[PDB]
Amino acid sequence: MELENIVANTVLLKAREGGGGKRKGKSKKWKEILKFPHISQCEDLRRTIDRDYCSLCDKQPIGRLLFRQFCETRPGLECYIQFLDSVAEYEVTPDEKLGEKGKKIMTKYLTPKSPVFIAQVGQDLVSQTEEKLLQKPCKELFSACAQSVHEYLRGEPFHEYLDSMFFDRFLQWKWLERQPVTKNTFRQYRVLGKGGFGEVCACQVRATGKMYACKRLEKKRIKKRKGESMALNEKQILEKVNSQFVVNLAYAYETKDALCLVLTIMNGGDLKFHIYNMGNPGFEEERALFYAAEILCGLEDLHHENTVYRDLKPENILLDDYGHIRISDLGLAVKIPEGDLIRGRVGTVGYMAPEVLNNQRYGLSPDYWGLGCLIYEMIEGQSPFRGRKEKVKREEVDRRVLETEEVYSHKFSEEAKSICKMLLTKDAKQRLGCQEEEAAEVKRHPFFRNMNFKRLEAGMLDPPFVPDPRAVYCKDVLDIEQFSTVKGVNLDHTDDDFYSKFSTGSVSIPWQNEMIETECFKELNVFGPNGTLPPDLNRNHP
């Protein structure tokens, strides 16, 4: 019934607006769900955890916050924390105020009579920093200083922290982090898309209120298609890639009927929706150029892991709350052995490069063909080789991709037509992006002439479009397609190994970041009167 489309979007927007409203949308029992263990339950963790400063006090977000809390109880250490915060500010300071903020850092921290002098950074290294300040200072000026600061902190401060209540509290958060991830961890909202081995739906961690996308890979469907290794590979690439421009993995878990990937939710929707369901087809060259640059950066990040994406099409490019994009579905991504070519006729009609359609051996080149397709379609509002909803045989689409020149309208500036034709070169050996410089060749193309890629990769350029946080940029729920049921298929003990390899649970850094972002960390990380031990940290008894 038509009302179902309204219910689905009203319910999703209610969840996205911080849940019911209070507790930020956390479950009413969220403090019971995330109740700390008593410290005596953490003994095995205490025994097995590797006491590595860099991991415990910096790269793990909760461990970093707890080490900083410990340091802030010591007057001689809080100065070093202050200095690291000022270095972080300096790293994100525009280049013409760089000199003066560097001067202020110098006089605040690094002179023997500075008000918050940090003595453990070498006077000689300070003088070197002074000298290179006075001659074109750059963003990475204070790295060496920061290094020396961490080198002081990893010794005696680290070892005192390990014996403190703040490390016990870290072990409690680590216990929570490793608890089982199940169906009951989450609540499922409307379906957002269909494909692969299942479907994608909005979902929510019940305890924290944080929204995510849940990609559900149906076990019976995987088994009928013998997709076990493909499912595992998609999970493993998602976990290994850590790029600003690729959707990231926060959880992987199992249900009775499915294996689930829990992924960054992208509330701006997919680029196919923005091309075709936001007024006239396509959008302006400014937008297409920005999205193209970010997609190119995401491709470069994958190719650095020698991973070819192979599935570029507007549906697979998503927009976040800020209007930045990420490449989403990695189900067709493959790691190419160093120096070699792979074979595999995969992808979507109208988006497969000629060397893929012909089942030739290929490397990274299909992704540059796909970038050409994406730019063309963003600007024109149409596939290069298929009319909008043209009733056309896939045989004919293949023929046009292999045989026909794509046609350019007045909507294309000369640079946009140039980059499209160079990326849509049918022979891969002559294709833009497929030369020595790899993505670098694309970055200097005159289409991107006013694109500073360094500032883009550092997130310093504003997207041209910011989505309405109260709008659903997706087809209505009744219009999402659906697989037919899988039939005569039988899950065995023989799949259990595979399931166990897939269902590794929470991903450590995204989980700790979720706890911080939702303020579950701030609200739960409490102590007793005057900072005394609370009962859960008090060894004497519960």
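In case it trips you up, residue 1 is the first one in the sequence shown, and so on.
Checked against the record, the higher mean CA B factor of 490-498 and 51-59 lies with 490-498. In this entry, the higher average B-factor at the C-alpha atoms falls on 458-466, of the pair 201-209 and 458-466. The maximum CA B-factor among the listed residues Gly99, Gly372, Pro314, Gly363, taken from the PDB record, is found at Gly99. Highest CA B-factor among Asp163, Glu130, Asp270, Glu177, as stated in the entry: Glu130. When the CA B factors of the chain's modelled residues are split into thirds, the value for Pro534 lands in the lowest one.
Compared with the other modelled residues of the chain, the Cα B-factor recorded for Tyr80 ranks in the middle third. Per-chain ranking of the deposited C-alpha B factor places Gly323 in the lowest third. Placement of the Cα temperature factor of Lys22 within the chain: highest third of the modelled residues, per the deposited record. Among the modelled residues of its chain, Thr425 has a C-alpha B-factor that falls in the highest third, as given in the PDB entry.
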